[PDB]
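No value in this document is a laboratory result; all are computed from the given coordinates. Cβ: placed from backbone, ideal geometry, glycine included. Neighbour counts: every protein chain shown.
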Amino acid sequence: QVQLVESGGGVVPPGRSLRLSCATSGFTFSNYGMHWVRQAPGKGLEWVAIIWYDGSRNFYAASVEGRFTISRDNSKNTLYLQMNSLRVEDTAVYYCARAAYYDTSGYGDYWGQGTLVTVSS
Amino acid sequence: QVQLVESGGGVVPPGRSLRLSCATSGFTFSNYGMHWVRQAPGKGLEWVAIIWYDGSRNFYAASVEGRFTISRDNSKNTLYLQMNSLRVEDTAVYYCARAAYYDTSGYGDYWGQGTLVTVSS
Amino acid sequence: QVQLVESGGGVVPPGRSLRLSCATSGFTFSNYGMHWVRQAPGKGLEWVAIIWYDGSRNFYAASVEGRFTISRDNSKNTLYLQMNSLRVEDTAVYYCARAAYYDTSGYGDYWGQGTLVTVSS
Amino acid sequence: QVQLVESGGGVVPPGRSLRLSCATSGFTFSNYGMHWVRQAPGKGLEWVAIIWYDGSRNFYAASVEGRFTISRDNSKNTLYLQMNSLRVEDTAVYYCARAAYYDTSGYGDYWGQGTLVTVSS
Amino acid sequence: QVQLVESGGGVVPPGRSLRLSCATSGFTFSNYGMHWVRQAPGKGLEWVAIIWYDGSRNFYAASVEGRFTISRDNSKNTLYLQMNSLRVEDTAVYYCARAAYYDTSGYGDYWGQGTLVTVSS
Amino acid sequence: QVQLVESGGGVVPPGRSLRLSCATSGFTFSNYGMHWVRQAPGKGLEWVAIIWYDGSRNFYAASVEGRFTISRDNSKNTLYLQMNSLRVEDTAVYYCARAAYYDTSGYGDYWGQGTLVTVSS
Amino acid sequence: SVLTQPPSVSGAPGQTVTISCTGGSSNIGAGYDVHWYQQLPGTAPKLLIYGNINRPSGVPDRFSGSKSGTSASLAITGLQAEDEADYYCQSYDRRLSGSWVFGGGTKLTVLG
Amino acid sequence: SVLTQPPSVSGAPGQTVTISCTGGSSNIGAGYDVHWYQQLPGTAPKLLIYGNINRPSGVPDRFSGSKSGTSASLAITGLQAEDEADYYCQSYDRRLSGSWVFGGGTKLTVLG
Amino acid sequence: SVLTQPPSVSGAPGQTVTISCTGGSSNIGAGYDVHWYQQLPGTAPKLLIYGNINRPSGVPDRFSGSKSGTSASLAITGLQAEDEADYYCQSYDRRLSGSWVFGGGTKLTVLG
Amino acid sequence: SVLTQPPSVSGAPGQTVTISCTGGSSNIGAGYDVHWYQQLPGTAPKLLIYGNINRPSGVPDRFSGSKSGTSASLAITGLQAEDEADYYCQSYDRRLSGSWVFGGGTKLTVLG
Amino acid sequence: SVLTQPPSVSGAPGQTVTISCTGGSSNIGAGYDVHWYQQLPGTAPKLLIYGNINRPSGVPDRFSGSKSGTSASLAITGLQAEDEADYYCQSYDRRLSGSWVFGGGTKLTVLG
Amino acid sequence: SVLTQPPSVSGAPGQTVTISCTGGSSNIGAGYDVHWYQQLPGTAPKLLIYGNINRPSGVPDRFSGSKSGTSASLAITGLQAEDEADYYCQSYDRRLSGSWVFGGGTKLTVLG
Amino acid sequence: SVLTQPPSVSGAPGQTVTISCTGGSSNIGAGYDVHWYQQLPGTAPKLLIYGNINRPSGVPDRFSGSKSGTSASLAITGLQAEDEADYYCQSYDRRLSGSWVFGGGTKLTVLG
Amino acid sequence: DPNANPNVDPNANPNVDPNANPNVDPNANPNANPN
């Protein structure tokens, strides 16, 4: 059974860093790419970042590029997201999802539980 | 934030070479193509060259083809322009721009500060 | 400056093969398609063959189809014309030209120097 | 010289399938569409099918549509005609012809030798 | 042989939508346009809509324009009809027909089995 | 139902430009041509312009030719009327109408709400 | 205004009145059709008659019209309270470069 | 139903009957083609005559058709028991926005 | 939110409702697939439909979807009380630098 | 055989002969091109004339063709003993869904 | 400069001015997008409008753009003292081997 | 040589001569471009005019070109001694499978 | 089973039979190879055809295969008594995460 | 002509045209695409 468990949330003052992680079990971690998706309270879903199966390629949304950093460690089956210079607009619930590709577009085929990151002063 | 800083200008006699550079920060350099654009004093803008994100394809303007060379170093986030056999009409301010593509044509969302190249005797 | 220089001409008895080449400099060879044009002595011009910039498409004249072969090698900036089973009517001066396209018809902006191939016994 | 050689004929009982082929040489196969034309013994010529150069468009006669299928493989210069549910009036000699177009109508410039397909019990 | 099979009928209360499909077999679907023709019980025939072979062009009757939608899927050989905001006057038997054109007017060479749509309260 | 809504009017000083629009819904916009008409306060109607469905043919009244420009965008179902160098005589309520042709002359089956344009100083 | 119409017509409720439309040899008498529009005081014109005899679904059976020679007319029977409006006759003039030409417009008055 | 047909015609077996389809100057009087469809009581319509004279393979030689001026006619000779069906004449009308227009429809009853 | 959705859709139990997701010529009109997700009130999103017609093992036969032109639709037939959730459409937009683009999200309320 | 040809013609050596190919207003009368083929008794057809006047390299000057109205004709001068063959005319018919339509074929015999 | 722009446009603060960028059948009339740039007297160009209608985050609502046929226009409503700059239009020309083609450039002077 | 040119033309220095290149409805009458070339007696051909009106950098103002219908013309004003050369026109023919088709070639002789 | 095979195919000894394998645009229509296996009732599968045309050493010349478009076929000529076996077609599906995808399996029975 | 029918015209052949050129176009741009 595919299990994605997240951690590393909490309350952070604006302007400093926070690191999230998504521990994985139930599948071959090194064969799949991963996504990060966030949802602001009361809003819809927003795509954040993707990383390739070998970590060779990274893509980011226009609103977080240069501040966020996605990385993986295939020897520990863990996915990371380093968030620097956090702003109030970044307060949301972050989900790690497992990448899948069908014909001409990709989807998320198993999702994690989600973690809440709060930025306030 | 996207930051493009250029250097390598100066004064050079006609007939010999010069090399420019455009150091980048705040975005994934290996994901984007880049442009060079120049502006003669008191004149309009003129497109010069483009390079693909992987460096496979290069395109040059008709007036600079065979003399100018564009290249990039993805491990240093630097864009180069090797200018050979310089002439008097090559006196202009050179900019590096980040490539973007909308529907059927391209544009440049982020520009550099510009560096002045003067060819004189 | 654009320079097209050919070679490989000479005198050949009818019924056998001969190879031509057109070495290039002063422009990006892999961004352009190339033509071959010949001129029988004291006569007009005649279109022979064309090759795409990547070499995917080749078109030949009716009189030379099935016998001539056009190919390019993007690593040495050279263009080839393999002539097989030459006839007496194949004696002419062969030019290599660079392809250009304006609105609905193409033309050749830069021509070579010309090489002479004589078929006689 | 254009060579069109057909093969795959013989005698077959009605109600079952047979596959014809037309091997080509002497011209660039992938630049031309092809035709199939059949002639019943003692009768006139009848058009059967045409396939585009890339295989994107296929057209069949009303008397054979749904039963015949034309196909090509550009990597071996071979043209195929898969005949299914063969009937008695399908007995004829089949030719493969090279497509041509003049102003507003098409013709065939080069033809094959032809093979006999006999359907009887 | 040409077979047109229809499915998706039933009883539906007025004010809402129902979808119809006409699966095709025995010919090249992408080569022909199609029609929809309906017949209310005890009445004559009424033309509903036409769709081009590539789907670029769509037409509807005055009494159904703005409520019905015609579409096709060339990779599954199936024709669709999306009827929104069904009324009592829409109760009829719906036919899918293959388009044909003779000189100046069109006709339908082959017709489907038909399906019954009942709209009542 | 045919829904034609207009906007973009107001009060404008003479000698400059103003732009109007007519949004459409409830019918296929690309299959029909459209009209612009204007009615001065206390006067009758006066035809202004007609545009073909594909936009190839544009016709204007003699009093507005050279100053009025009509355009449509079939991907947005919106019709445009560009008015330049407006005069005091151009103050009228502008309507958009859908073109229809019966035998030898045209008429408008459905009309828009209309908007008022004021040109005064 | 190549098409000429009376400036104002009136009649008692329930009677029959006619709105004429006079043209020339280039617009009505040249073989072209005549269409009629009814404009309420507070809305855009609404189609009344097309093809010189045909009416849409919305138009009631009371309205009718006909054409002959260079003259066309609209006939109204059984005048009602809501029939008060401006009626325009439309055709195409051969001598201009416009698809439509409109008349002066006739105001119908119901003496209720 | 811009194309006018008689609602019902009949005849004895083996005799000759004619079916008329009257149109207007915009559909049949404009030179557009006329086609005929046959609908058995329990099945979908089938093509009978296209191009005003031409018949498909399955159609026997009993049926024939022709047109002249504004009217088109379908001729049946040698009436049989199985000819009982509904016959529709189909054309195109210039004045509408429809690819096809159908007639009212005629029912053939054989007095057997 | 390049893909726009109705903000809310409601229906009575046992009937059929439709959720639409219409885009432009760069995401859905360009030939890219549309996928659907379901988010129950207190948990993470779950995949509902992928490839515009396919559903995972856990998703019942009640849900179905299809796309045509520049619009994609999700059809839910026979509502239950446990169908109250937010539904999001996901595709790829050619004009951005992201792998996924989501819709606004439609909340379905079943009128129990 | 939508194109009509006489079944057989004959002529003495050294004389000129004419082979006709009559079509209709849909294939030849519509302005489409006419091409001619020659088939010797034991071989495949060979192109004789294309574009209604043009001939390939191998074809001698004796063969010539033209067209006018709905008819196209092939003229042979200096008839020889090697001209015994079947001659087919080919065009395109607007009313069908095929690229080529052929004639019936004319057998030419030279009276040796 | 395959695209033509007026050399200068001026206006007092508070009203609207238009900068035109006419093209041809190869760049703007061929369906390629038109983008706009602004260059303050002592700085590098800054993107103003892309996709002929869209603007980035930093650009206010005063600037808007549109194109029709082979021409494009830039509308600046409510002139301020800070709008004095050069405005360039950019497209792609099919007849050249360059990614971008720029216009002549229009200098905007605010009549303070 | 599909395109027809006069084999030779002549003129005295200082005056104007014209070189015509007559084509057909498939090459020049089909709307394809006409390009001109110059070949000095001992060198390779050099591009002179492209796009029927445009000239490269090295070509002086004396050479100009135009086209109309199925014909094209090369006008040389102010004859000089160095104009002794062959002039070829080039276009595309729809009926062939070649990228370019050339004209016969005209020898321009100055009467020094 | 993303590849569709007929559940059973039969034929008399000495005749020719064909087993088909129809896929989609992701497995066979995408350009991937199709291989065939033969399983006797009591033994493990044996490779029959690989590369769509090639066969191992032990396989006789009777078996042959080909592919075109979205479908592939296995042709057996000269049926014998021992050819009663299950035949499977294998390819690669782009839409899954597996090396191989198999067909349903066709059981061949010769009428002995 | 101001009085032509300003609408798309039905009653036109909705099927593919088989009378088209089935060969490749040699009059196409042979150079790399910078756009």
**Request:** Read through the list (1) touching a residue at least 12 places away in the same chain (Cβ under 8 Å); (2) at negative phi, then give the number of the only condition that L:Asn52 fails.
**Result:** (2)
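Residue-wise test of (1) of a type in the set (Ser, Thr, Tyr); (2) in contact with a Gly (Cβ under 9 Å, 6 or more places away or on another chain); (3) over 19 Å from C:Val12 (Cα atoms).
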| site | (1), (2), (3) |
| --- | --- |
| C:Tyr60 | yes, yes, yes |
| C:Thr69 | yes, no, no |
| C:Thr78 | yes, no, yes |
| C:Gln82 | no, no, no |
| C:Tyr102 | yes, yes, yes |
**Request:** Residue by residue through region C:64-106, note down the ones that are within 28 Å of L:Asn27 (Cβ to Cβ), among the small types (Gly, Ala, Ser) and touching a residue at least 12 places away in the same chain (Cβ under 8 Å).
**Result:** C:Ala92, C:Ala97, C:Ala99
**Asked** With (1) of a type outside the set (D, E, K, R); (2) surrounded by fewer than 19 Cβ atoms within 10 Å (Cβ to Cβ); (3) on the phi < 0 side of the Ramachandran plot as the list, and A:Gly55 as the residue in question, which single condition is left unmet?
**Response** (3)
**Message:** Looking at the structure I just gave you, is K:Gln38 in contact with a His (Cβ under 6 Å, 6 or more places away or on another chain) and outside any loop (DSSP other than H, G, I, E, B)?
**Reply:** no
**Asked** Of the residues that sit in region H:69-83 and are in a loop (DSSP other than H, G, I, E, B) and in contact with a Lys or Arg (Cβ under 7 Å, 6 or more places away or on another chain), which one is farthest from the other protein chains (Cβ to nearest Cβ)?
**Response** H:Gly78
**Message:** Going by what's in this entry, would B:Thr115 be described as within 22 Å of K:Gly42 (Cβ to Cβ), out of contact with any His (no Cβ under 7 Å at 6 or more places or on another chain), surrounded by 15 or more Cβ atoms within 10 Å (Cβ to Cβ) and without any contact (Cβ under 8 Å) to a residue 60 or more places away in the chain?
**Reply:** no
**Asked** Considering only residues of region A:59-96 that are among the polar types (S, T, N, Q) and under 12 Å from the mean Cα position of the chain (by Cα), which is nearest to the other protein chains (Cβ to nearest Cβ)?
**Response** A:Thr69
**Request:** Report whether or not K:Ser26 is out of contact with any helix residue (DSSP H, G or I) (no Cβ under 8 Å at 6 or more places or on another chain), polar (S, T, N, Q) and surrounded by fewer than 16 Cβ atoms within 10 Å (Cβ to Cβ).
**Result:** no
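Give, as residue ranges, the strands (runs of 3 or more DSSP E) completely inside region E:1-117 that count at least 3 residues that are among the β-branched types (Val, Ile, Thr).
The strands (runs of 3 or more DSSP E) meeting that bar are E:46-51.
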**Message:** On the basis of being within 13 Å of chain N (Cβ to nearest Cβ), surrounded by fewer than 19 Cβ atoms within 10 Å (Cβ to Cβ) and not hydrophobic (A, V, I, L, M, F, W, C), does C:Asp109 make the cut?
**Reply:** yes
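So which residues in region L:41-68 are part of a loop (DSSP other than H, G, I, E, B) and either in contact with a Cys (Cβ under 8 Å, 6 or more places away or on another chain) or within 18 Å of L:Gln5 (Cα to Cα) (or both), if there are any at all?
L:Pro45, L:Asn52
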**Request:** Considering (1) under 10 Å from the mean Cα position of the chain (by Cα); (2) more than 20 Å from E:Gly108 (Cβ to Cβ); (3) of a type in the set (A, V, I, L, M), say which one H:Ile49 fails and leave the rest.
**Result:** (2)
**Message:** I'd like to check something: does region H:36-46 contain any residue that is among the polar types (S, T, N, Q) and surrounded by 15 or more Cβ atoms within 10 Å (Cβ to Cβ)?
**Reply:** yes
**Request:** Could you list, in sequence order, all residues of region L:18-35 that are of a type outside the set (D, E, K, R), part of a loop (DSSP other than H, G, I, E, B) and within 12 Å of chain C (Cβ to nearest Cβ)?
**Result:** L:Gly23, L:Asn27, L:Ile28, L:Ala30, L:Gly31, L:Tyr32, L:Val34
**Asked** Restricting the search to region E:14-53, which residues are within 8 Å of another protein chain (Cβ to nearest Cβ) and either hydroxyl-bearing (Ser, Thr, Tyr) or over 15 Å from the mean Cα position of the chain (by Cα) (or both)?
**Response** E:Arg16, E:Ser17, E:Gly26, E:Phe27, E:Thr28, E:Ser30, E:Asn31, E:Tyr32, E:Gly44, E:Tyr53
**Complete:** Within region L:64-112, residues over 14 Å from L:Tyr32 (Cβ atoms) and of a type in the set (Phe, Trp, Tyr) come out as L:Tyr87, L:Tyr88
**Asked** Residues in region K:84-100 that are part of a strand (DSSP E or B) and either acidic (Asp, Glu) or facing chain B (nearest Cβ under 7 Å) (or both): how many?
**Response** 4
**Message:** Here are the criteria: (1) under 23 Å from F:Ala99 (Cα atoms); (2) of a type outside the set (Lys, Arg); (3) more than 15 Å from the chain's Cα centre (by Cα). Tell me which single one G:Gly24 does not satisfy.
**Reply:** (1)
